[PDB]
Amino acid sequence: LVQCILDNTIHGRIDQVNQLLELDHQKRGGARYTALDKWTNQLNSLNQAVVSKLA
Amino acid sequence: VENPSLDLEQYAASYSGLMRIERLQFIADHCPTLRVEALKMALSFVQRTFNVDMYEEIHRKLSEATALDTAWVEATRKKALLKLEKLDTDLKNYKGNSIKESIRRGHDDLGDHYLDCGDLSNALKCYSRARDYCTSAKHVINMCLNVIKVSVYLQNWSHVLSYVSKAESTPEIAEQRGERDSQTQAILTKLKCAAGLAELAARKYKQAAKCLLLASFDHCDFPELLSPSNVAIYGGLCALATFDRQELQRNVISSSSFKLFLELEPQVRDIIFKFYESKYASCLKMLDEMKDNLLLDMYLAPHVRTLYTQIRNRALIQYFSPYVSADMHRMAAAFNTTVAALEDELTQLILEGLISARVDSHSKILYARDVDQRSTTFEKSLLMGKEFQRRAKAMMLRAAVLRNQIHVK
Amino acid sequence: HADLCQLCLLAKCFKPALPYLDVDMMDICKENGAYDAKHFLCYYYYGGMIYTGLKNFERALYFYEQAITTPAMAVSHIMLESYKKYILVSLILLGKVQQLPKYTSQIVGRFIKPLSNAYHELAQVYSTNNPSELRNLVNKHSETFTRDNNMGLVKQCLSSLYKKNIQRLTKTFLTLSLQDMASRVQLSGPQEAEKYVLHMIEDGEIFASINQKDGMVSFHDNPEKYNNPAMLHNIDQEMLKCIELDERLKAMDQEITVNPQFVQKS
C-alpha cells in the first residue's frame with residue numbers, strides 16, 4: 001500500500017494506529033476556492049500597486 | 001578496522017598528473033593514525049613530477065604547527081628556465097615562419113610546459129592573447145577543454161560556467177534537438193563531468209546530478225578528472241538528496257547506463273534502492289557507515305553533511321506521504337533515533353511547512369492535518385479586505401496632508 | 001484634536017477622546033495657514049499612546065505609522081518617539097516590526113533609525129524567540145527605556161514573546177504535556193504554563209483545553225466553518241465599510257474634477 005500510494009497509483013492514506021486504509025473519495029469542485037484565492041492575491045497586489053503610486 | 005575494498009595499488013596507478021598529489025594531501029591533512037603511512041608512500045613512491053615546494057610547505061607546517069643538496073634543485077630550476085626560453089624562441093620563430101601548423105605546435109608545447117610546470121598567470125596571458133586566433137571548431141574545443149581544466153585547478157567556477165555556456169550556445173543551440181548519440185565522441189561526457197563537478201562545488205547539487213547522470217562507462221575512461229567510483233558516489237548522493245521520487249525513478253533506477261556506475265560502487269546502489277523501497281533504518285545505517293569514507297574525500301566532504309541532512313529530511317517526508325496517522329515509535333525505529341529526537345525533528349519540519357502534520361505527545365502519534373480550503377479562503381479574503389481598508393484609509397489621510405502641503409521644516 | 005489628546009493623556013482619562021480617535025481623518029482644516037505639522041505629528045502620537053493605554057494595539061500601530069510617514073526634512077522628537085513606540089507595538093501585536101509604507105520621506109528615514117538602535121536590536125533578539133536573551137538585553141539598556149518612559153511596553157513585549165511561543169506550539173502540536181510546554185517555551189514550571197494557557201484561552205487568543213488528569217493541553221484549531229448568519233453579518237459590515245470608502249473616494253474624485261485648476265492643467 002505504501003509503494004502504491006507513493007507511486008500515485010492508489011489515492012488513499014493509511015491509519016497506522018487503527019490499521020486502516022482510508023481512500024480519497026473526496027476533492028469535489030473546489031476550483032472555485034482556488035479561483036477566489038487567486039482573485040484575493042491579485043487584489044492584494046493591485047492594492048499595493050495602486051496605493052503606493054504617489055499618495 | 002578491517003576493509004578489503006580499497007585496492008591501494010590500482011587506485012594509485014589509476015591517477016595521473018597532480019590529481020593524486022592533491023588527493024593524498026587532502027586525506028593525510030585530516031586523517032587520524034594514517035598520516036604517517038600516507039607520508040611514507042609519498043616520500044618513497046612519488047619522487048617524480050617535480051615535488052619541491054610542497055615538500056618545504058609540509059616541512060614548515062609540521063615544524064611550526066604540530067649544506068643541503070640545493071645544487072640539484074637549482075640546476076633543475078635553471079634548466080626549466082632555459083627550456084622555457086628555448087620554447088619561447090621557437091614560438092617566435094614559428095610566428096615568423098607564417099605557418100599555422102608551426103604556431104599550433106608551438107602553442108601545444110607551451111601548454112604542455114605550463115601543465116608540467118604549474119605556472120598559471122603566464123598561461124592565462126597566453127590564452128587571452130591566443131583566444132582571438134580561432135579557425136577550426138576542433139581546436140577551439142581542445143583549447144576550451146584545456147581552459148576548463150586550468151579553471152578547475154584554479155577553483156574558479158564562473159569561468160567554467162561561462163565557457164560551458166559558450167560551447168553549448170555556439171553550434172546553433174547544441175545542434176537543435178540532438179544528433180545521433182555518442183558513438184566515439186567522448187568529449188561531451190568529459191565536459192558534462194567537468195560541469196557537474198563545477199556545479200557541485202558551487203553548492204548546486206540538483207543541476208550537478210542532472211548534468212552528471214548523463215555519462216557513459218564506455219566514454220568515461222579518462223581517470224584524470226573524476227574517477228568512476230566518486231562519480232557514482234556524487235550521482236547517487238545528489239540525486240537522493242535533491243531529486244523527487246518520480247525523477248529519481250526515471251533517472252537512476254530506470255536508467256540502464258547508470259547501472260554500471262551503481263554496481264561499481266555497490267554501497268550507493270544499495271542506498272538508493274533501499275531509500276526508494278521505503279526502507280530507512282538500513283539505508284540510514286549504511287549512510288552513517290559510509291559517511292566516514294565520504295568525509296575523507298576531496299570534492300564532496302565540505303558538501304557531505306548538508307546533503308546528508310537533506311536526504312534524511314526527504315526520507316522523513318516520504319515516510320509520512322502515505323499516512324494520515326503514523327506511530328512515532330515505529331517512525332523512530334525506522335529512522336534510528338529516539339522518540340524525543342524524532343519529535344523535535346518533526347516539529348522543526350512542520351514549522352517550515354515541509355510536512356503538514358501535527359504531533360500528539362500524549363499517545364505519541366503523528367497525525368496529518370487537512371487544511372480546510374473553504375475556511376482558509378474565507379479567512380484570507382477577510383484579512384485582505386481588512387488590510388485593503390487600512391491601506392486606503394491611510395492613503396486618504398496622506399492625500400489630505402499632501403493637498404495641504406503639510407511637512408516638517 | 002491634538003490638544004484634546006494631550007489633555008486626555010496627561011489627565012489619564014482616555015475614554016473622552018475615544019469618539020475623536022475612532023473616526024478616520026479626511027481633509028485638514030487650514031486654520032488660516034496656522035496648522036503646523038507639529039499639530040498633526042503630536043495628535044497622532046498622543047492618539048497612539050492613548051490606544052496603547054487602552055490595549056488597542058492595531059489602531060495604535062496605525063496611528064504611530066501615520067505619525068511616522070509625515071513628509072519631513074529634519075529630525076523631530078515626536079517622530080522619533082513615534083518610531084520607538086511603533087517598533088514596540090509591532091513587536092507586541094505582531095511577532096515582528098511591520099514594514100513602513102513606501103511613501104515616506106527618504107531623508108528622515110536615514111537619521112532616525114540610527115538613533116533608535118536599542119529598539120531595533122530588541123526586535124532582532126525578539127525574532128530569535130529566546131526570552132532569556134530578551135531579558136538580558138532589556139537589563140542591558142534598561143536606562144534607555146526608563147529615560148524614554150517606554151517601560152511597561154518592554155514588559156508587554158516580554159510577555160508577548162511567551163504568548164507567541166505558546167501560540168507557535170499549536171502550529172505543530174495537537175496535544176502536549178504541561179512539562180513539555182514549560183520546557184519548550186521556558187516558563188520553568190507546569191503551573192506557570194497552565195496559568196499562561198488559561199489566560200490565553202480566556203482572552204480568545206488561542207483555542208485549547210486543559211486536562212488536569214494527565215496535565216495535558218489539547219489545541220482545537222477548528223474554530224469556525226463560515227456557514228452561519230453571524231459570518232454573514234460580519235461580511236455585510238465589511239462590505240458596508242468598503243462601500244462607504246468607495247463613496248468617499250468617488251466624492252473626492254468628483255470634487256477634484258470640478259476644481260477649476262483641474263482640466264486646465266490637463
# chains A, B, ... in the order shown; residues from 1 in each chain; ligands from 1
$ select_by_dssp --residues "chain A" --states "helix (DSSP H, G or I)" --output "list in words"
residues 2, 3, 4, 5, 6, 31, 32, 33, 34, 35, 36, 37, 38, 39, 40, 41, 42, 43, 44, 45, 46, 47, 48, 49, 50 and 51 of chain A
$ closest_atom_pairs --of "chain A" --to "chain C" --cutoff "9 Å" --atoms "only C-alpha atoms" --output "JSON lines"
{"residue": "A:52", "atom": "CA", "partner": "C:103", "partner_atom": "CA", "distance": 6.4}
{"residue": "A:53", "atom": "CA", "partner": "C:103", "partner_atom": "CA", "distance": 8.3}
{"residue": "A:54", "atom": "CA", "partner": "C:103", "partner_atom": "CA", "distance": 7.0}
{"residue": "A:55", "atom": "CA", "partner": "C:103", "partner_atom": "CA", "distance": 7.0}
$ atom_distance --atom1 "atom CA of residue B:324" --atom2 "atom CA of residue A:13"
5.6 Å
$ interface_residues --of "chain B" --to "chain A" --cutoff "8 Å" --atoms "only C-alpha atoms" --output "count of residues only"
26
$ closest_residue --among "C:99, C:257, C:70, C:105" --to "chain B" --atoms "only C-alpha atoms"
C:70
$ closest_atom_pairs --of "chain C" --to "chain B" --cutoff "8 Å" --atoms "only C-alpha atoms" --output "tab-separated table"
residue	atom	partner	partner_atom	distance
C:24	CA	B:393	CA	7.0
C:25	CA	B:397	CA	6.3
C:26	CA	B:397	CA	5.8
C:27	CA	B:400	CA	4.7
C:28	CA	B:400	CA	6.5
C:30	CA	B:404	CA	7.4
C:36	CA	B:406	CA	7.3
C:37	CA	B:407	CA	5.8
C:38	CA	B:408	CA	7.5
C:66	CA	B:394	CA	7.1
C:70	CA	B:407	CA	6.7
C:71	CA	B:407	CA	5.1
C:72	CA	B:408	CA	4.4
C:73	CA	B:409	CA	6.0
C:74	CA	B:409	CA	6.3
C:171	CA	B:351	CA	7.0
C:172	CA	B:358	CA	5.1
C:173	CA	B:359	CA	4.7
C:174	CA	B:360	CA	5.2
C:175	CA	B:360	CA	4.8
C:176	CA	B:361	CA	5.3
C:177	CA	B:362	CA	7.0
C:216	CA	B:362	CA	7.7
C:224	CA	B:375	CA	7.5
C:225	CA	B:375	CA	6.1
C:226	CA	B:375	CA	6.5
C:238	CA	B:385	CA	7.8
C:242	CA	B:389	CA	6.9
C:245	CA	B:389	CA	7.8
$ residues_around --residues "residue C:111" --least-positions-apart "2" --cutoff "12 Å" --atoms "only C-alpha atoms" --output "MDAnalysis selection string"
chainID C and resid 72:77 79:80 83 105:109 113:117
$ write_last_selection --atoms "C-alpha atoms" --output "PDB file, in the first residue's frame"
ATOM      1  CA  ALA C  72       9.780  65.919   6.561  1.00  0.00           C
ATOM      2  CA  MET C  73      13.312  67.166   6.000  1.00  0.00           C
ATOM      3  CA  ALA C  74      14.566  67.396   9.618  1.00  0.00           C
ATOM      4  CA  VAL C  75      14.520  65.284  12.790  1.00  0.00           C
ATOM      5  CA  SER C  76      11.608  65.631  15.221  1.00  0.00           C
ATOM      6  CA  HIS C  77      11.484  64.214  18.740  1.00  0.00           C
ATOM      7  CA  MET C  79       8.686  61.391  15.182  1.00  0.00           C
ATOM      8  CA  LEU C  80      11.491  59.533  16.975  1.00  0.00           C
ATOM      9  CA  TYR C  83       9.183  55.305  15.776  1.00  0.00           C
ATOM     10  CA  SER C 105      10.468  60.756   3.117  1.00  0.00           C
ATOM     11  CA  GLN C 106      13.799  59.248   2.099  1.00  0.00           C
ATOM     12  CA  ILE C 107      15.930  61.660   4.149  1.00  0.00           C
ATOM     13  CA  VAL C 108      14.192  61.479   7.548  1.00  0.00           C
ATOM     14  CA  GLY C 109      14.419  57.682   7.354  1.00  0.00           C
ATOM     15  CA  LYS C 113      16.880  54.798  12.562  1.00  0.00           C
ATOM     16  CA  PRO C 114      20.447  55.006  13.999  1.00  0.00           C
ATOM     17  CA  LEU C 115      19.129  56.957  16.997  1.00  0.00           C
ATOM     18  CA  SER C 116      16.657  54.160  17.832  1.00  0.00           C
ATOM     19  CA  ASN C 117      19.156  51.303  17.731  1.00  0.00           C
TER      20      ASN C 117
END
$ residues_around --residues "residue B:84" --least-positions-apart "2" --cutoff "10 Å" --atoms "only C-alpha atoms" --output "PyMOL selection string"
chain B and resi 78-82+86-90+109-110+113-114+117
$ select_by_dssp --residues "stretch 1-250 of chain C" --states "strand (DSSP E or B)" --output "PyMOL selection string"
chain C and resi 72+173-177+208-211+216-219
$ residues_around --residues "residue B:271" --least-positions-apart "3" --cutoff "10 Å" --atoms "only C-alpha atoms" --output "ChimeraX atom specification"
/B:236-237,240,266-268,274-276,279-280,282-287
$ atom_distance --atom1 "atom CA of residue B:192" --atom2 "atom CA of residue B:310"
24.3 Å
$ decode --residues "stretch 21-45 of chain A" --atoms "N, CA, C and O atoms" --output "tab-separated table (two decimals), in the first residue's frame"
chain	number	residue	atom	x	y	z
A	21	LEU	N	-7.07	1.63	5.83
A	21	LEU	CA	-6.78	2.37	4.60
A	21	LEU	C	-8.01	3.22	4.29
A	21	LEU	O	-9.09	2.68	4.02
A	22	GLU	N	-7.84	4.53	4.35
A	22	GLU	CA	-8.91	5.48	4.04
A	22	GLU	C	-8.67	6.00	2.63
A	22	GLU	O	-7.66	6.66	2.37
A	23	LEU	N	-9.60	5.70	1.73
A	23	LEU	CA	-9.46	6.11	0.34
A	23	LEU	C	-9.76	7.60	0.20
A	23	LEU	O	-10.08	8.30	1.17
A	24	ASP	N	-9.66	8.10	-1.03
A	24	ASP	CA	-9.75	9.53	-1.28
A	24	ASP	C	-10.98	9.86	-2.10
A	24	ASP	O	-10.90	10.59	-3.09
A	25	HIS	N	-12.13	9.30	-1.71
A	25	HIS	CA	-13.40	9.64	-2.34
A	25	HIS	C	-13.84	11.02	-1.86
A	25	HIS	O	-14.85	11.17	-1.17
A	26	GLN	N	-13.07	12.04	-2.24
A	26	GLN	CA	-13.21	13.41	-1.77
A	26	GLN	C	-12.80	14.33	-2.92
A	26	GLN	O	-12.79	13.91	-4.08
A	27	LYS	N	-12.46	15.58	-2.59
A	27	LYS	CA	-11.98	16.56	-3.57
A	27	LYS	C	-13.04	16.83	-4.64
A	27	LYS	O	-12.89	16.51	-5.82
A	28	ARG	N	-14.13	17.43	-4.17
A	28	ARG	CA	-15.22	17.87	-5.04
A	28	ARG	C	-14.81	19.15	-5.75
A	28	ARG	O	-13.62	19.47	-5.81
A	29	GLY	N	-15.78	19.86	-6.33
A	29	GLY	CA	-15.48	21.04	-7.12
A	29	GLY	C	-15.02	22.24	-6.33
A	29	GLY	O	-15.74	23.24	-6.21
A	30	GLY	N	-13.81	22.15	-5.77
A	30	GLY	CA	-13.16	23.21	-5.03
A	30	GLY	C	-12.34	24.16	-5.87
A	30	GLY	O	-11.59	24.97	-5.32
A	31	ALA	N	-12.43	24.07	-7.20
A	31	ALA	CA	-11.73	25.01	-8.06
A	31	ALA	C	-12.23	26.43	-7.85
A	31	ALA	O	-11.52	27.40	-8.13
A	32	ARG	N	-13.47	26.57	-7.36
A	32	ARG	CA	-13.98	27.89	-7.02
A	32	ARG	C	-13.14	28.53	-5.93
A	32	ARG	O	-12.85	29.73	-5.98
A	33	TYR	N	-12.74	27.75	-4.93
A	33	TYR	CA	-11.95	28.30	-3.83
A	33	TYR	C	-10.55	28.70	-4.30
A	33	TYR	O	-10.02	29.73	-3.87
A	34	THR	N	-9.94	27.90	-5.18
A	34	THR	CA	-8.64	28.29	-5.72
A	34	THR	C	-8.75	29.54	-6.58
A	34	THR	O	-7.87	30.41	-6.55
A	35	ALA	N	-9.84	29.65	-7.36
A	35	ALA	CA	-10.06	30.86	-8.14
A	35	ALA	C	-10.23	32.08	-7.24
A	35	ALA	O	-9.71	33.16	-7.53
A	36	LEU	N	-10.96	31.92	-6.13
A	36	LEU	CA	-11.14	33.02	-5.19
A	36	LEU	C	-9.82	33.39	-4.52
A	36	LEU	O	-9.56	34.57	-4.25
A	37	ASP	N	-8.98	32.40	-4.22
A	37	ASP	CA	-7.66	32.68	-3.65
A	37	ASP	C	-6.79	33.46	-4.64
A	37	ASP	O	-6.09	34.40	-4.24
A	38	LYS	N	-6.82	33.07	-5.91
A	38	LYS	CA	-6.07	33.82	-6.92
A	38	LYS	C	-6.61	35.24	-7.05
A	38	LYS	O	-5.84	36.20	-7.20
A	39	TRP	N	-7.94	35.39	-7.00
A	39	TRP	CA	-8.54	36.72	-7.02
A	39	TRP	C	-8.07	37.56	-5.83
A	39	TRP	O	-7.74	38.74	-5.99
A	40	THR	N	-8.03	36.96	-4.64
A	40	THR	CA	-7.58	37.67	-3.45
A	40	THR	C	-6.12	38.09	-3.57
A	40	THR	O	-5.75	39.21	-3.20
A	41	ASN	N	-5.27	37.19	-4.07
A	41	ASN	CA	-3.85	37.53	-4.23
A	41	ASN	C	-3.65	38.65	-5.24
A	41	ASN	O	-2.88	39.59	-5.00
A	42	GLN	N	-4.34	38.57	-6.38
A	42	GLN	CA	-4.25	39.63	-7.38
A	42	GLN	C	-4.77	40.94	-6.82
A	42	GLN	O	-4.22	42.01	-7.11
A	43	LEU	N	-5.84	40.89	-6.02
A	43	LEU	CA	-6.37	42.09	-5.41
A	43	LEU	C	-5.38	42.70	-4.43
A	43	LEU	O	-5.21	43.92	-4.39
A	44	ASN	N	-4.70	41.88	-3.64
A	44	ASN	CA	-3.69	42.40	-2.72
A	44	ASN	C	-2.55	43.07	-3.48
A	44	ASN	O	-2.09	44.16	-3.11
A	45	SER	N	-2.08	42.42	-4.55
A	45	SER	CA	-1.01	43.01	-5.35
A	45	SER	C	-1.45	44.33	-5.98
A	45	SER	O	-0.69	45.31	-5.98
